[PDB]
Structure formats: structure tokens, C-alpha cells
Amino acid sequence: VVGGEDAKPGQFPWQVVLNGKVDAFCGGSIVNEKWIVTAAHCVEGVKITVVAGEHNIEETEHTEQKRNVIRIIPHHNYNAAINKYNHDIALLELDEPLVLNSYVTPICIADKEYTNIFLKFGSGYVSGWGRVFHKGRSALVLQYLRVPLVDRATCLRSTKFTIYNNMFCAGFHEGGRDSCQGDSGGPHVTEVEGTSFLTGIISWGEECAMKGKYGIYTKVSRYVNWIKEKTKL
């Protein structure tokens, strides 16, 4: 996250970090004690670990819970050889359940209709340990940022790339603040009377925080039935 702020401990208890050959390559969100929702381009075959209850990725705070990923379910319409960032959503099953507490809490997921109503409120929070500057290094402390929704027409004019209808744009007209590489798979959430709901997955963008460009996100409303079905306990 470029131009964000340090999250306080337990401020985004649904956030998880993904570690593989490189630590903090992507983020995710807790659906429940056994399942994480992330971006399909982050995963594939390749051994991954999930860390919940994380705050500073370089200091043991005793709130962390690390788990091995035993199953990766990319959405069946995801195909990297056709488009690396379209249908960009996947689920990860954990080897053992997480223990829910003040630092490890699931994100709410409303039905399809209400997830779309909450996205249309126009203001969401994104978080992650991605780059804090364009081409810079990943964050030590979890970062967060409030990003306004950008209308589809403005979003289409911002790029030569194809923005599909179940992708959305969020960010600032003048740049300066945005999600970035290392944040993909992480959450875009909307606060509804003190309860946060998952409205998007952090997906991609051309560079980070550049004026005229926006962050591209997966609309979670498009996948609510697939998420509820595959993550049933």
C-alpha cells in the first residue's frame, strides 16, 4: 500500500499474508477457520503458508497463526494463459483450523445483491504488506488505506487494458495513494454500521499510485455463491 497508514494490532483481523519462495508476495482474507479467499494469480503445485494474526512481519507478537495450504481452488473460469487477471479469485484450505480470537477473525460476506449494494456505498478499506513506494520494498507493519470507488467510464478511459464488468476501479484522481504489488489477494472491505463486509479482492494495476491510473479489484458479488459453497464447514 502506497500512501497508507500503519494498522494497529487487531484492526484488520481478517487479513492474512501469503509466504512462498518470497515472503509476503500476496495477501488474503479469512472466510472461516479453514478457508482463505485470495487472487488466483497469486497461487497455483507451489507450496504456500498462510499467517493470520500478523501485524509486523519482522517481530514475533505472539498473536500469529501459521498454516500450510492443503488445497488451492482457483475459480473454474480463471485461466492465466488467456488473461492473468480476469476471474482473479481463489480459495485456500488450511491444514488445521485457525483459532478465532481478537487478532484472527473472519470477514463477513453478504449475499450477491447486498455485496453489490455495499460496493456501491463508494468507500472501502484495502490493506496489506505490499510495496509502500512504486518499485520499493514491502511493508514491515500492515498498511491500510481508504479508497473511493471510481465510475466505470472514468476507469475505462484510464487504460488500454480491458476492464471487465466484474472488475472495479478504486483510487484517487491524482494518485499518491493505492494498493500495490504484494497486496494482491488481500481484502477490499466496506464498513456497514460497524461490521466489515468483503466487497472486493485486491487484483492488479499498471504501476502504483500514478495520477490517471487506478487500482483494479475483483467484485466479490460475482463469486459469493461459489465462495459459500466451497467453504462450507
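Residues carry their position along the shown sequence, with the first being 1.
Chemist: Checking chain continuity here. Are there deposited residues lacking coordinates between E44 and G45, and if so is it 1 to 3, 4 to 9, or 10 or more (or none)?
Modeler: Unmodelled stretch: 1 to 3 residues, a short break.
Chemist: Test of understanding: from the entry's C-alpha B-factors, which stretch has the higher mean, 50 to 58 or 169 to 177?
Modeler: 50 to 58 has the higher mean C-alpha B-factor.
Chemist: Tell me which stretch, 190 to 198 or 59 to 67, has the higher mean Cα B-factor listed in the entry.
Modeler: According to the entry, 59 to 67 carries the higher average C-alpha B-factor.
Chemist: For the listed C155, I107, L119, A90, which has the peak Cα B-factor recorded in the PDB entry?
Modeler: By C-alpha B-factor in the record, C155 ranks first.
Chemist: Relative to the other modelled residues in the chain, which third contains the C-alpha temperature factor of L233: lowest, middle or highest?
Modeler: For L233, whose C-alpha B-factor we compare with every modelled residue in the chain, the answer is the highest third.
Chemist: Would you mind ranking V220 by its C-alpha B-factor against the rest of the chain and naming the third, lowest, middle or highest?
Modeler: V220: CA B-factor falls in the lowest third of its chain.
Chemist: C208's Cα B-factor: lowest, middle or highest third of the chain?
Modeler: Highest third - that is where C208 ends up once the chain's C-alpha B-factors are sorted.
Chemist: Sorting the chain's CA B-factors, does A139 end up in the lowest, middle or highest third?
Modeler: Highest third, going by the recorded CA B-factors of the chain.
Chemist: Comparing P148 with the other modelled residues of its chain, is its CA B-factor in the lowest, middle or highest third?
Modeler: For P148, the deposited C-alpha B-factor lands in the lowest third.
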